[PDB]
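See structure below.
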């Protein structure tokens with residue numbers, strides 16, 4: 001089961017990488033849009049937060065799937 | 001079947017990575033477009049949501065295919 | 001045929017990654033263009049949809065080819 | 001010939017990835033350019049289509065080469 | 001357990017890579033947005049900081065998961 | 001010579017990837033520049049075409065080199 | 001322990017890569033924001049410096065973790 | 001010497017990838033700059049050409065080095 | 001110790017890659033910011049130089065660490 | 001010493017990739033900045049050239065290090 005540790009480790013690493021850069025950029029860019037024009041400022045950042053929920057859904061479910069695949 | 005765990009783990013990791021960055025950026029950029037000009041604001045974000053459905057279709061189907069390939 | 005599972009799994013992962021980021025960005029950017037100027041708004045998003053068809057053609061055919069290569 | 005399946009699978013995956021992101025971005029950006037200014041709108045999108053033909057030429061020929069290399 | 005060291009090492013490397021580029025860009029872009037327009041300057045940078053917390057949550061949890069997978 | 005097939009397959013995949021994204025983006029961006037300002041429109045797109053010739057020179061020669069290396 | 005050297009070497013390489021590009025871009029973009037508008041110029045660059053501290057925290061801790069994993 | 005073929009094949013693939021995307025983008029962006037403002041148009045594109053010479057110097061020398069390393 | 005050569009070779013390659021693209025972009029973007037507005041031109045480029053020092057610190061230390069890991 | 005050839009080949013490939021894209025983009029972007037505003041045009045491109053010297057310093061030294069590691 002030594003390979004399983006790496007499989008999950010790389011999968012999680014991939015999950016962290018994807019959501020990490022996706023959300024990092026999502027926050028800054030969201031912020032940049034708000035700064036450019038003061039139109040629906042709270043709403044734009046709120047959309048950003050839902051984006052965070054959506055993007056992180058993938059790494060969370062990916063980790064769960066990796067766990068189950070290793071388990072069964 | 002030890003290799004199968006890694007195959008699915010990396011495939012899912014790839015799926016999470018692609019949709020995660022694609023949707024993260026899709027949300028922020030969508031938001032940025034809305035902020036730049038107050039034209040069809042609800043529609044633009046709605047298009048973003050359909051984009052989410054389209055982009056995540058790929059990781060969902062990819063995971064399913066990986067499962068079946070391992071299974072058969 | 002254990003290697004075949006990984007071959008298809010990584011190929012599909014690659015397919016999901018390419019189209020996922022390509023279409024995710026295509027949707028948001030398409031949206032951003034429409035937001036910037038209200039010129040041919042329906043047409044621009046329509047072009048985006050055909051872009052989706054074009055980009056996903058690659059992962060779909062790639063998956064099919066992977067299946068056949070494994071099969072024969 | 002088990003390695004051959006992976007060789008073609010990864011090559012095609014690479015082909016799908018390159019053209020998929022290249023064309024996805026080509027469509028959205030082409031669209032963005034048209035939206036920014038209403039100058040030679042049909043021509044710009046047409047150039048985009050030829051771009052599609054050019055970019056996909058690479059994955060198509062790559063797949064063919066992979067097939068022949070495996071074959072001979 | 002020699003493979004375990006690499007599994008965690010690459011996972012952490014992936015974690016550092018994702019959050020490192022995500023937060024690096026988040027800080028500069030956040031800064032760029034503030035510079036472009038003097039609207040809600042403290043708030044925009046504050047949003048950036050929460051972005052940092054969100055993005056680094058992934059590498060921190062990823063490292064923890066890698067540790068546990070190696071442990072059990 | 002089983003490894004040779006993969007060597008060429010990955011090299012070509014790399015060639016398709018580099019030129020595919022390079023030319024895809026070159027076409028759309030070239031198009032975007034023309035759209036932004038109606039200055040030397042034919043010339044700008046022409047420069048784009050020479051760019052295509054230059055960028056694809058690399059994958060073409062790379063494939064040839066891979067073939068010869070396998071051959072000798 | 002030969003694999004351990006590579007594990008740390010690649011982890012550090014990953015650490016250098018992530019922070020290197022993250023901070024390189026953070027410095028230039030920070031600079032670009034300041035150049036665009038003369039608003040809170042010292043503060044913006046200062047935020048950039050804290051960004052540097054944050055981003056490099058990841059590679060530093062990653063290297064430390066790699067060392068300990070190899071050690072124990 | 002079977003590994004040597006792959007070493008050169010991947011090195012060349014890397015060379016084609018780097019210069020291919022670097023020059024593809026260099027041509028389009030160069031073009032975009034010229035389009036934005038009609039200032040020193042011939043000179044800007046000329047600088048682009050020297051950029052091509054500089055960027056391709058790397059893949060050319062890399063291929064030569066790979067050949068010699070295999071040879072000796 | 002044959003693996004050690006590759007470990008350092010890839011680590012250095014990673015170091016060169018990260019700082020190379022980080023500093024290459026840092027120089028051009030820094031330059032672009034200065035060109036956009038003639039405000040604190042020497043200072044902006046100077047900040048760029050310190051950025052170079054910061055970014056290259058990572059590859060230099062990474063190479064040193066790789067050397068020591070191989071050594072001990 | 002068969003692995004050594006690949007180690008240097010991939011390291012050089014990495015070196016060419018990093019500097020190739022870094023300098024390719026540095027030239028075009030430098031050019032774009034000059035085109036946007038006619039301020040210190042020779043100086044900006046000159047800064048670009050020093051950027052080239054800085055960025056290529058990394059691949060040159062990386063290749064040298066790879067050679068020595070293989071040698072000793």
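Residue numbers (the entry's author numbering), protein chains in the order written: chain F, 1 to 72; chain G, 1 to 72; chain H, 1 to 72; chain I, 1 to 72; chain E, 1 to 72; chain J, 1 to 72; chain D, 1 to 72; chain A, 1 to 72; chain C, 1 to 72; chain B, 1 to 72.
Backbone N, C-alpha and C define an ideal beta-carbon position, used for all residues, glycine too.
Inter-residue Cα distance where the pair is residue i and residue j
i	j	result
residue 58 of chain B	residue 3 of chain F	35 angstroms
residue 18 of chain A	residue 20 of chain J	12 angstroms
residue 37 of chain F	residue 36 of chain G	6 angstroms
residue 72 of chain H	residue 1 of chain H	11 angstroms
residue 52 of chain C	residue 61 of chain H	45 angstroms
residue 34 of chain H	residue 47 of chain G	11 angstroms
residue 42 of chain C	residue 42 of chain B	15 angstroms
7 angstroms Cβ cutoff met for residue i and residue j
i	j	result
residue 31 of chain I	residue 44 of chain H	yes
residue 9 of chain B	residue 13 of chain C	no
residue 28 of chain J	residue 50 of chain I	no
Same chain, Cβ closer than 6 angstroms to residue i, neighbours up to 5 away in sequence not counted
i	result
residue 55 of chain J	19, 22, 23
residue 5 of chain E	none
Spatial neighbours of residue i in its chain, beta-carbon cut-off 8 angstroms, leaving aside the 5 residues before and after
i	result
residue 7 of chain B	66, 69, 70
residue 16 of chain B	59
residue 63 of chain J	8, 11, 12, 15
Check: residue i C-beta below 6 angstroms from any heavy atom of the ligand NAP
i	result
residue 63 of chain D	What this structure holds is no ligand at all, so the ligand NAP is not there to describe.
Worksheet entry | Entirely enclosed alpha helix (DSSP H) segments - the region 5-58 of chain E, minimum 4 residues | none
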